[PDB]
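Taking the form deposited in one PDB entry, here's one chain by itself in structure tokens.
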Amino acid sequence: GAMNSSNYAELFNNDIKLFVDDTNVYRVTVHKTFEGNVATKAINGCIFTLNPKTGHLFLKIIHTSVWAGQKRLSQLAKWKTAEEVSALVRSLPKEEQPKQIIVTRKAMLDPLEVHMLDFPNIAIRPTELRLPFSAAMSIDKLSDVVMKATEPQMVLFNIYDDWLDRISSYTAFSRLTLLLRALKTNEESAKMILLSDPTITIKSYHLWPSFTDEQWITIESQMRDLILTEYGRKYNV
């Protein structure tokens, strides 16, 4: 069925599953033409395909060249996403292929289903959750690799860094979603919080700072405060 707060711990069982987020596949700036009309200019994008168990972020970089000469690009983007996800599954050994793929937007269901017709025993699921994966381009290292790409690419990131050595998948996923929710609501403050202390550094192959266990607690607290404040402002509560 659909994935929600009731069946939330299912992500951390031993059935391989992937989340697929397509929000950042087709990315445009909007600008004025000489004649005073409006045109879009695309920039590089990415499919965010995440194993919420291991931390693997199968980042497929979508180069602007894939849109050249194509119409209805927001619709194509969903099919391109499904084509790339299906290709990934095919490339993987049988015992690494997911048993479920959970899409973060329901418009991806039919394109993925159609592209996965050859995998009848992979379940394609929507979710009721409001996951903050769109904020992935607020992670500096991920944004950098996408913007610098000159061709289609697939880069495998560990979005949990070394966290699983000390915490569970459940706790790692909650930390990730809390960081991304913060980056999504107020990128500037969220980033100030993460880099305030110049003595804390980021490991060359890692996305986030080297916090000790107690520093993570302080950081996680600072991120919650941010997310609540922003909400008061949003609504007037």
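We call the rigid core whatever largest set of C-alpha positions still superposes within 1.5 Å between the two forms. Residue positions are given as counts along the sequence shown, with the first one as 1.
*Asks:* Which wins on mean Cα temperature factor, 174-182 or 29-37?
*Replies:* Looking at the record's C-alpha B-factors, the answer is 29-37.
*Asks:* Of the two stretches 77-85 and 114-122, which shows the higher Cα B-factor on average in the entry?
*Replies:* In the deposited entry, the stretch with the higher C-alpha B-factor mean is 114-122.
*Asks:* With respect to the C-alpha temperature factors reported in the PDB entry, which of 209, 45, 55, 198 ranks highest?
*Replies:* It is 198.
*Asks:* Grab the CA temperature factor for residue 217 from the record and place it in the lowest, middle or highest third of its chain.
*Replies:* Ranked within chain, residue 217 CA B lands in the highest tercile.
*Asks:* Please rank the C-alpha B-factors of the chain's modelled residues and tell me whether residue 59 sits in the lowest, middle or highest third.
*Replies:* Answer is lowest: the recorded C-alpha B-factor places it there.
*Asks:* Classify residue 97 as lowest, middle or highest third according to the C-alpha B-factor given in the PDB entry, relative to its own chain.
*Replies:* Tercile = lowest for this residue's CA B-factor.
*Asks:* Just say lowest, middle or highest third for the CA B-factor of residue 71 relative to the other modelled residues in its chain.
*Replies:* Middle third - that is where residue 71 ends up once the chain's C-alpha B-factors are sorted.
*Asks:* Using the temperature factors of the C-alpha atoms in this entry, rank residue 166 within its chain: lowest, middle or highest third.
*Replies:* Highest third of the chain for residue 166's C-alpha B-factor.
Although it is not shown, the form solved in complex with a partner chain is what the next lines describe.
*Asks:* Can residue 195 be called a contact residue for the partner chain in the deposited complex at 4.5 Å between heavy atoms?
*Replies:* Although the partner chain is absent here, residue 195 would touch it in the deposited complex, with heavy atoms inside 4.5 Å.
*Asks:* Does the 4.5 Å heavy atom contact test between residue 140 and the partner chain in the deposited complex come out positive?
*Replies:* Residue 140: yes, in contact with the partner chain in the deposited complex.
*Asks:* When the contact criterion is heavy atoms within 4.5 Å, does residue 56 count as touching the partner chain in the deposited complex?
*Replies:* So residue 56 does not count as contacting the partner chain.
*Asks:* Though only this chain appears here, would residue 191 touch the partner chain in the deposited complex if you measure heavy atom gaps against 4.5 Å?
*Replies:* Residue 191 belongs to the contact set for the partner chain.
*Asks:* Of these, 57-65, 166-174, 181-189, 205-213, which stretch puts a heavy atom within 4.5 angstroms of the partner chain in the deposited complex?
*Replies:* Stretch 181-189 is the one.
*Asks:* Superpose on the rigid core, then report which one of 168, 65, 212, 37 has a CA displacement of at least 2 angstroms between this form and the one not shown.
*Replies:* Among the listed residues, the outlier is 37.
*Asks:* Work out the direction of the Cα-Cα change for residue 186 and residue 32 in the deposited complex: closer or farther than in this form? It's 3 angstroms or more.
*Replies:* Those two alpha carbons end up closer in the deposited complex.
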